[PDB]
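Below is target-v1.cif, which holds mmCIF, C-alpha atoms and all ligand atoms.
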data_my_file
#
loop_
_atom_site.group_PDB
_atom_site.id
_atom_site.type_symbol
_atom_site.label_atom_id
_atom_site.label_comp_id
_atom_site.auth_asym_id
_atom_site.auth_seq_id
_atom_site.Cartn_x
_atom_site.Cartn_y
_atom_site.Cartn_z
ATOM 1 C CA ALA V 1 17.411 -14.607 -11.071
ATOM 2 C CA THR V 2 15.866 -13.825 -7.650
ATOM 3 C CA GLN V 3 16.746 -11.106 -5.037
ATOM 4 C CA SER V 4 19.278 -9.644 -7.532
ATOM 5 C CA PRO V 5 20.547 -6.049 -6.878
ATOM 6 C CA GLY V 6 18.722 -3.035 -8.358
ATOM 7 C CA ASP V 7 17.659 -0.519 -5.686
ATOM 8 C CA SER V 8 16.507 -0.784 -2.046
ATOM 9 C CA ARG V 9 13.357 1.341 -2.791
ATOM 10 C CA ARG V 10 11.968 -1.494 -4.959
ATOM 11 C CA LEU V 11 12.603 -3.958 -2.075
ATOM 12 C CA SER V 12 11.102 -1.687 0.602
ATOM 13 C CA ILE V 13 7.987 -1.292 -1.589
ATOM 14 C CA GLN V 14 7.911 -5.116 -2.203
ATOM 15 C CA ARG V 15 8.177 -6.043 1.516
ATOM 16 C CA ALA V 16 5.403 -3.600 2.428
ATOM 17 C CA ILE V 17 3.050 -4.742 -0.399
ATOM 18 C CA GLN V 18 3.714 -8.486 0.237
ATOM 19 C CA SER V 19 3.023 -8.019 3.961
ATOM 20 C CA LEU V 20 -0.156 -5.995 3.227
ATOM 21 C CA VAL V 21 -1.813 -8.347 0.694
ATOM 22 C CA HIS V 22 -1.049 -11.179 3.094
ATOM 23 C CA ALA V 23 -2.162 -9.475 6.368
ATOM 24 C CA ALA V 24 -5.456 -8.414 4.775
ATOM 25 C CA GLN V 25 -6.485 -12.105 4.552
ATOM 26 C CA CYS V 26 -4.150 -13.754 7.111
ATOM 27 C CA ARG V 27 -6.400 -15.926 9.324
ATOM 28 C CA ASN V 28 -3.635 -18.375 10.410
ATOM 29 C CA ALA V 29 -2.407 -18.367 14.051
ATOM 30 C CA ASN V 30 0.803 -20.005 12.745
ATOM 31 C CA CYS V 31 1.873 -16.931 10.737
ATOM 32 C CA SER V 32 4.062 -14.750 12.961
ATOM 33 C CA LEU V 33 5.713 -11.737 11.270
ATOM 34 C CA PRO V 34 6.127 -8.135 12.574
ATOM 35 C CA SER V 35 4.862 -6.717 9.271
ATOM 36 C CA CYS V 36 1.894 -9.157 9.113
ATOM 37 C CA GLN V 37 0.738 -8.284 12.660
ATOM 38 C CA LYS V 38 1.141 -4.472 12.220
ATOM 39 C CA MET V 39 -0.626 -4.529 8.841
ATOM 40 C CA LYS V 40 -3.631 -6.179 10.619
ATOM 41 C CA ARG V 41 -4.204 -2.805 12.317
ATOM 42 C CA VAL V 42 -4.432 -0.722 9.127
ATOM 43 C CA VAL V 43 -6.495 -3.378 7.298
ATOM 44 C CA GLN V 44 -8.951 -3.587 10.235
ATOM 45 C CA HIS V 45 -9.184 0.214 10.373
ATOM 46 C CA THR V 46 -9.708 0.570 6.573
ATOM 47 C CA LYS V 47 -12.274 -2.321 6.462
ATOM 48 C CA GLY V 48 -14.398 -0.093 8.781
ATOM 49 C CA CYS V 49 -13.522 3.302 7.135
ATOM 50 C CA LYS V 50 -16.669 4.504 5.275
ATOM 51 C CA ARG V 51 -16.180 8.261 6.041
ATOM 52 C CA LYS V 52 -13.688 8.299 3.078
ATOM 53 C CA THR V 53 -16.315 9.820 0.767
ATOM 54 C CA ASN V 54 -16.869 12.739 3.234
ATOM 55 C CA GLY V 55 -13.326 13.152 4.630
ATOM 56 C CA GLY V 56 -11.328 9.921 5.111
ATOM 57 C CA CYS V 57 -8.281 9.636 7.366
ATOM 58 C CA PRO V 58 -4.693 9.635 5.922
ATOM 59 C CA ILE V 59 -4.297 5.815 6.385
ATOM 60 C CA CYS V 60 -7.328 5.382 4.069
ATOM 61 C CA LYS V 61 -5.309 7.055 1.250
ATOM 62 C CA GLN V 62 -1.838 5.652 2.095
ATOM 63 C CA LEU V 63 -3.193 2.038 2.037
ATOM 64 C CA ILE V 64 -4.442 2.439 -1.560
ATOM 65 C CA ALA V 65 -0.877 3.412 -2.661
ATOM 66 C CA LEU V 66 0.662 0.004 -1.850
ATOM 67 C CA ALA V 67 -2.497 -1.905 -2.821
ATOM 68 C CA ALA V 68 -2.153 -0.372 -6.354
ATOM 69 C CA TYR V 69 1.124 -2.268 -6.836
ATOM 70 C CA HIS V 70 -0.523 -5.577 -5.917
ATOM 71 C CA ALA V 71 -3.458 -4.577 -8.239
ATOM 72 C CA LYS V 72 -1.042 -5.013 -11.234
ATOM 73 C CA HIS V 73 0.414 -8.307 -9.807
ATOM 74 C CA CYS V 74 -2.872 -10.078 -8.798
ATOM 75 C CA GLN V 75 -3.434 -12.825 -11.408
ATOM 76 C CA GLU V 76 -6.815 -13.607 -9.865
ATOM 77 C CA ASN V 77 -9.310 -11.179 -11.457
ATOM 78 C CA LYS V 78 -11.554 -11.543 -8.326
ATOM 79 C CA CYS V 79 -9.101 -10.115 -5.770
ATOM 80 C CA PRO V 80 -9.855 -11.359 -2.202
ATOM 81 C CA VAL V 81 -8.534 -8.039 -0.780
ATOM 82 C CA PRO V 82 -11.392 -5.431 -1.003
ATOM 83 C CA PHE V 83 -9.102 -2.406 -1.575
ATOM 84 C CA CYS V 84 -7.245 -4.153 -4.464
ATOM 85 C CA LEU V 85 -10.376 -4.423 -6.627
ATOM 86 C CA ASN V 86 -11.476 -0.950 -5.419
ATOM 87 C CA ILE V 87 -8.380 0.503 -7.155
ATOM 88 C CA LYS V 88 -9.290 -1.445 -10.351
ATOM 89 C CA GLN V 89 -12.826 0.056 -10.204
ATOM 90 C CA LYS V 90 -11.303 3.590 -9.969
ATOM 91 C CA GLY V 91 -8.508 3.297 -12.594
ATOM 92 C CA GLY V 92 -6.402 5.815 -10.551
ATOM 93 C CA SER V 93 -5.953 7.918 -13.736
ATOM 94 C CA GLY V 94 -7.737 11.005 -12.283
ATOM 95 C CA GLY V 95 -8.411 12.056 -15.926
ATOM 96 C CA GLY V 96 -8.212 15.775 -14.987
ATOM 97 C CA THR V 97 -6.225 16.056 -11.688
ATOM 98 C CA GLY V 98 -3.433 18.011 -13.556
ATOM 99 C CA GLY V 99 -1.766 14.986 -15.253
ATOM 100 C CA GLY V 100 0.734 14.742 -12.357
ATOM 101 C CA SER V 101 2.726 17.721 -13.616
ATOM 102 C CA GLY V 102 4.296 20.834 -12.033
ATOM 103 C CA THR V 103 6.656 18.840 -9.735
ATOM 104 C CA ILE V 104 10.166 20.095 -8.867
ATOM 105 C CA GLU V 105 11.897 16.713 -8.318
ATOM 106 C CA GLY V 106 10.041 13.932 -10.193
ATOM 107 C CA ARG V 107 10.255 14.644 -13.964
ATOM 108 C CA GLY V 108 9.209 11.060 -14.855
ATOM 109 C CA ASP V 109 12.440 9.719 -13.369
ATOM 110 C CA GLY V 110 13.304 7.097 -10.737
ATOM 111 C CA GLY V 111 10.116 5.085 -11.524
ATOM 112 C CA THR V 112 9.035 5.252 -7.828
ATOM 113 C CA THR V 113 8.317 9.064 -7.799
ATOM 114 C CA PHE V 114 5.114 8.493 -5.678
ATOM 115 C CA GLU V 115 7.453 7.562 -2.732
ATOM 116 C CA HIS V 116 7.582 11.271 -1.822
ATOM 117 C CA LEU V 117 4.084 10.819 -0.219
ATOM 118 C CA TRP V 118 5.810 8.789 2.567
ATOM 119 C CA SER V 119 7.503 12.094 3.551
ATOM 120 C CA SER V 120 4.055 13.129 4.935
ATOM 121 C CA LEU V 121 3.654 9.844 6.909
ATOM 122 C CA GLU V 122 3.675 10.248 10.713
ATOM 123 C CA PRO V 123 7.219 10.790 12.062
ATOM 124 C CA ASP V 124 6.379 8.098 14.694
ATOM 125 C CA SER V 125 4.651 5.779 12.069
ATOM 126 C CA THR V 126 3.133 3.507 14.809
ATOM 127 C CA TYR V 127 1.188 1.566 12.094
ATOM 128 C CA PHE V 128 3.638 1.471 9.073
ATOM 129 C CA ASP V 129 7.348 0.732 8.407
ATOM 130 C CA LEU V 130 9.552 3.703 9.393
HETATM 131 ZN ZN ZN V 201 0.051 -13.659 8.327
HETATM 132 ZN ZN ZN V 202 -9.462 5.731 8.096
HETATM 133 ZN ZN ZN V 203 -5.545 -8.405 -6.216
#
Can the structure in the file be given as structure tokens, please?
Amino acid sequence: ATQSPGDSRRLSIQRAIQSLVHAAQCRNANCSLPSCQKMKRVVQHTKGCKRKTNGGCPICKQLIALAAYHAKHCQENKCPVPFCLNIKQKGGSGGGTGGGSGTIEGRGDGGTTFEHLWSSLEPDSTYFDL
């Protein structure tokens, strides 16, 4: 069983994550993918983003979302991607942020509820997949 039906959201998430983990380390001139080359932009920006602690940009936050999926799929405990291990060091639990409750649509259903954050992505999304 490979590429079996389920839901396109899972696939969209997969393509984005796969392209991100790869682009973050892709040093090969051979590699030529639209997702790989666009991801280079966000990874280069985020690798230089230190203002996060004061007031980071939106890309700084949005990157961490997809990297958190790879964080649970990285077999290597010493993740080469710097944001992957950063998520591990934070847990992402919040432990007091409101337990992710009070939503209208998202009562622990769909399994990809976080996807609603893409609704705030730029309408032009010149750095991510529209
Ligand atoms: Zn590549
Ligand atoms: Zn930034
Ligand atoms: Zn990893």
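Applied to the file shown here, the PyMOL selection byres (((chain V and resi 33-39) around 9) and not hetatm) selects residues 15, 16, 19, 20, 22, 23, 24, 26, 31, 32, 40, 41, 42, 43, 44, 126, 127, 128 and 129 of chain V.
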Selection within 8 Å of ligand ZN 203 (chain V) by only C-alpha atoms and all ligand atoms, output as number ranges by chain: V: 21, 67, 70-81, 84-85
Excluding same-chain residues fewer than 2 positions from residue 114 (chain V), what lies within 12 Å of it counting only C-alpha atoms, as number ranges by chain? V: 9, 13, 62, 65-66, 68-69, 100, 103, 105-112, 116-120
Specify as a PyMOL selection string each residue included when the PyMOL selection byres (((not hetatm)) within 6 of (chain V and resi 202)) is applied to this file. chain V and resi 45-46+49+56-57+59-60
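Counting only C-alpha atoms and all ligand atoms, the residue from V:17, V:130, V:29, V:1 that sits nearest to ligand ZN 201 (chain V) is V:29.
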May I ask which of the residues V:101, V:54, V:30, V:125 is the closest one to ligand ZN 201 (chain V), counting all atoms listed in the file? V:30
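Atom pair CA of residue 86 (chain V) / CA of residue 53 (chain V) has a distance of 13.3 Å (rounded to one decimal).
Across the model, the gap from CA of residue 28 (chain V) to atom ZN of ligand ZN 201 (chain V) is 6.3 Å.
Put simply, CA of residue 50 (chain V) is 18.9 Å away from CA of residue 92 (chain V).
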